[PDB]
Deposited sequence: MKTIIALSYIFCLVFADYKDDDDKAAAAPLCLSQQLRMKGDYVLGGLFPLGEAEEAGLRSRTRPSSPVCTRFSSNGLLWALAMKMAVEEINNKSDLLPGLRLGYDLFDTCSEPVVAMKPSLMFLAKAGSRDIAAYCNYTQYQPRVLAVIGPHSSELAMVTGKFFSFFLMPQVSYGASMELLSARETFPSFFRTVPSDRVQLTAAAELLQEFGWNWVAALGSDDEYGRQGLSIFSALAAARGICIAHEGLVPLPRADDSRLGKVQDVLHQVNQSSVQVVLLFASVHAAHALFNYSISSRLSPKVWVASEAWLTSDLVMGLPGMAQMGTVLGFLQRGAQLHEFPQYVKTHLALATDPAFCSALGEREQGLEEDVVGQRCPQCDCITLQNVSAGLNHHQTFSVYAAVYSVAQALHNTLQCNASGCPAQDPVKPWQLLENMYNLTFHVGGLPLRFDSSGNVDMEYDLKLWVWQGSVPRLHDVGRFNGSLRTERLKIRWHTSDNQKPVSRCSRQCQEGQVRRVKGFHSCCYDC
């Protein structure tokens, strides 16, 4: 199919690429992943489309060709460490020096489009921060990546977990539920979410009745503890598997209805959405991202896959050997994926930062020595770049800012569907006159603790009082 030959393209300023193209040792050998993944290939095609259309553009990066070196990294970081080291090696050589600091390096890649997985993103960011390589990531959302003390050169295009956790805390505060129970997955994602939410609650006056962890497929004990307190609101900041397992077990035990606050991980997932009997467990109030999508991306994918089969094109023109023996049906499912826009916007952001750094104007680019990767960081913070006509900005802490949509599960014929009941844009606004609750009548569930009264302190952080 000669798709792998297109994973590398020369140019004046090549870019990096770390994608989950493939999935799954007594010797120091890099493991090879043979199984093929459609999501990684779709994201790689998205970045390739972004770079090619940027080269097509005249007023952006005029007279310069933008390259890319797409690399297959499995979910493991051991396989992904080698592409980063190959990134930081000097152009034309396979050796990376270990100098005193970053100023003595001349890396072959201007920037890096970081990994989708957040743990891999942490590893690669901690590696690149020593060389001050500007790395922008798609899909990495865990919060501690925003610490500019230890990640001076890590950006992203998806909102961090702090945004959705602050939205959930504002929802809890506005509706008046100041007696809530918080849960999370045993993985790093849930633990980080819980750690941020405890601080957010303590700042906002709410605090947790019971802060537990639901293990991935124990849960019985966690449900018992949650049931012990008279708490009608439960924030389940968990991955899909943990949320599905908890809901299945609670169905088996016939748990009473509660108001579940959902993270983006399982708010829209069809594994829990299609779980039979889920309708008898209260309204699910979650926050969902409000972002655009690459309208022409499916057309690009289909035309590119049709053209790559032509032997003449391949003659005219490995990282992913499994990527060769594929068909359009093996990637047709994930065509309408949100992360494709995230990758497209990340590539556009790096291109705009490069255009600003060279101080190019519409007619052309002034001639000078190549710009070093660390010189981008000045113009990457506080940068405004237009993606598809929609402006975006990088925060001083390196996270993009975007709105959120507050959705709830409206049950109809055992097929729940989402509905707009609020919009978070830094200050939550809700329309509670159209929310259908789960109680006997359409009345808001009450989960409130008295902070003043005879008193007996109750709560995980000792906030309330059992007057």
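Not built in the structure, per the record, are deposited positions 1-29, 54-60, 254-261, 362-374, 511-514.
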